[PDB]
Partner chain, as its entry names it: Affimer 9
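Have a look below at one chain only, the form solved without the partner chain, in structure tokens format.
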């Protein structure tokens, strides 16, 4: 179940940044194999230049590009334990998703600092602060706490009470709450839709990496 949610969310997140460099991906299991768009992604989210890409089609060219990306990531303190260029160049689905996660964590989440609390725990504390006035919300994690969509709706309402009538909402229609939050954030906050409501609500514990990714966009949009 987790691969499907991460593929949707991680692909949308990458595309929210790649659009700023004039390109998009479609199929995350194949569209980073040559390293070219992976290098582009890292340039957009960091503001730093990487070495010139190699546009040759043979394998050793792809290895060279992917290493530029992985070595850059490692220069930023990310310990790459189990990911190497070979896996990424070969289209390994698990490792590709794992690599995009460490990028999301390093560049979207790591530097979030809130009341002396950083990264995942800092983002959670931020969510807890912003949803405090809503008694029908209890953020205690990045999975089951978000299943009914009220959390997302409350984050929006807390910053932009003019965009959503929060008082109307309740737990009975969790599909609709998620879709409402996502449509509003897309149309008004420049945050693309990154979750599938149906995947989320009908999984006992939805994928926390996907949820963190999407929630981190709200953090940055409101900062």
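Numbering follows the first chain given and starts at 1.
Below, we turn to the form deposited with the partner chain bound, even though it does not appear here.
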Region of this chain that lies against the partner chain in the entry with it bound, out of 172-180, 58-66, 22-30, 42-50 [heavy atom, 4.5 Å]: 172-180
How about residue 188 - does it come within 4.5 Å of the partner chain in the entry with it bound, if we only consider non-hydrogen atoms? yes
Give a yes or no for residue 164: in the entry with it bound, does one of its heavy atoms lie within 4.5 Å of a heavy atom belonging to the partner chain? yes
Using a 4.5 Å cut-off on heavy atoms, what residues in 68-87 are near the partner chain in the entry with it bound? none
